[PDB]
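What follows is calculated from the coordinates using simple rules that are stated; it is not laboratory data. Here Cβ is always computed from backbone atoms with ideal geometry, including for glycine, and neighbour counts include all displayed protein chains.
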Amino acid sequence: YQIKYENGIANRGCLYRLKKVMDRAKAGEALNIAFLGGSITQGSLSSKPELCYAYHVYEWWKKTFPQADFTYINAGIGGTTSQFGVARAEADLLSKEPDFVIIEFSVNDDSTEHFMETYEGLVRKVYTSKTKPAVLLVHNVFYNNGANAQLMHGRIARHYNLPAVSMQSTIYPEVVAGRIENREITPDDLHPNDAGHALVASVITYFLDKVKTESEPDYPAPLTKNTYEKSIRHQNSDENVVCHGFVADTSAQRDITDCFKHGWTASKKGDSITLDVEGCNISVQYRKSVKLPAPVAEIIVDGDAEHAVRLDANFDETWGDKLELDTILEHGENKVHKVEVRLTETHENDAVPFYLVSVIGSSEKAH
């Protein structure tokens, strides 16, 4: 095969920040290199941590600027979207004071206006954060059909003048032409193996090298309604929560990939919990278990019990447990909402309790 590396540059964008980082690296400064994304960022399915695309890019910085001290920040969490990204960005990323951030959600997000809005919130939050990091968008692709959410994400890339690179226009073309057979680079048409991770990194490093060897735009008003930029998780530390059967999980989170932490569990029909959640949007995070059977709950907002949403912990897929995030209220009234979650179905032989990870309240941050 032969990749057309120039076709990987989906958006050149404004290179001011990225070139400032390179200049700091050249001067031998200490720099924080970060990655925020789904399972491909976390590193699935590389055979070792050092062979995922993220570590390859990290190794690029080290090798290109041996005088600098780099710190590796991998904030990938498998099977999650930019909607979780904007709510976790402060804790998982921005608290680490990153100098360079890859954002990688284009095969996690669906290609919809909803995800355009959540990704815009994430991009705005990271781009305007204290350390004013260089941001590079990375767009992976599904190898079974060529799909991704780059139509939505790319609109955000062009709106903010951000650099962006794509596998949809580099690797997938060699797959569809039959010069790379899918199983050479991915066992499941989504997660790259070692060979695939090295190809993904090569597309990214092609661009980083071009930038290195080659005044910021005015920060614009949002393109979408941008109602997710402020996204606050309500977890078991929240002082307005009242349990009636649900019990807080106080166990240690070893790291962020241990994602069923800081929430609450329940095993019995009728177990419930009530939360006060401010915003115009409400979403809920909970476990979908491949260990079956498991309980079913309902979530009710502002007593609208006739319109409860069913949260079923019985996962019908097999790759593993999913950290589900369901949007319950969108573009509603911005107020303190009452939220209740109650268990509605249990089984004598339930393998696991229901795990309520968070309720997320969101609203616009004014421009």
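Please tell me if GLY270 is touching a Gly at 6+ places or on another chain (Cβ under 8 Å), surrounded by fewer than 19 Cβ atoms within 10 Å (Cβ to Cβ) and in a loop (DSSP other than H, G, I, E, B). So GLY270 passes the test.
Is it true that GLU229 is crowded, with 19+ Cβ neighbours inside 10 Å, among the charged types (D, E, K, R) and out of contact with any strand residue (DSSP E or B) (no Cβ under 6 Å at 6 or more places or on another chain)?
Details: crowded, with 19+ Cβ neighbours inside 10 Å: yes; among the charged types (D, E, K, R): yes; out of contact with any strand residue (DSSP E or B) (no Cβ under 6 Å at 6 or more places or on another chain): yes.
Against the criterion (crowded, with 19+ Cβ neighbours inside 10 Å, among the charged types (D, E, K, R) and out of contact with any strand residue (DSSP E or B) (no Cβ under 6 Å at 6 or more places or on another chain)), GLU229 qualifies.
Scanning the stretch 171-188 for residues that are surrounded by 20 or more Cβ atoms within 10 Å (Cβ to Cβ) and within 13 Å of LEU45 (Cα to Cα) yields a count of 2. Of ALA252, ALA294, all but one fail to be of a type in the set (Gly, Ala, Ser), out of contact with any helix residue (DSSP H, G or I) (no Cβ under 7 Å at 6 or more places or on another chain) and surrounded by 15 or more Cβ atoms within 10 Å (Cβ to Cβ); the exception is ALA294. Of the numbered conditions (1) β-branched (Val, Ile, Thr); (2) assigned to a helix (DSSP H, G or I); (3) farther than 20 Å from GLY43 by Cα, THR131 fails exactly one; give the number of that condition. Here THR131 clears every test but (2). Within the stretch 212-256, being in a strand (DSSP E or B) and either under 19 Å from the mean Cα position of the chain (by Cα) or among the charged types (D, E, K, R) (or both) holds for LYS230, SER231, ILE232, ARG233, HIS234.
From the list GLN150, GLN168, which one is more than 18 Å from the chain's Cα centre (by Cα) and surrounded by 20 or more Cβ atoms within 10 Å (Cβ to Cβ)? Let's see the steps before the verdict.
Details: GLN150 fails: more than 18 Å from the chain's Cα centre (by Cα).
Being more than 18 Å from the chain's Cα centre (by Cα) and surrounded by 20 or more Cβ atoms within 10 Å (Cβ to Cβ) holds for just one of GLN150, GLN168, which is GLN168.
Figure legend. Inter-residue proximity from the stretch 165-181: first residues over 18 Å from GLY13 (Cβ atoms), second residues among the aromatic types (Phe, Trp, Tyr) and crowded, with 20+ Cβ neighbours inside 10 Å, beta-carbon distance below 7 Å, spacing 6+ or different chains. Indicated pairs: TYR172/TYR143; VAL175/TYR143. Quick one: how many residues across the stretch 336-367 are farther than 16 Å from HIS244 by Cβ and either out of contact with any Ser or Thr (no Cβ under 9 Å at 6 or more places or on another chain) or part of a loop (DSSP other than H, G, I, E, B) (or both)? So the count comes out to 14.
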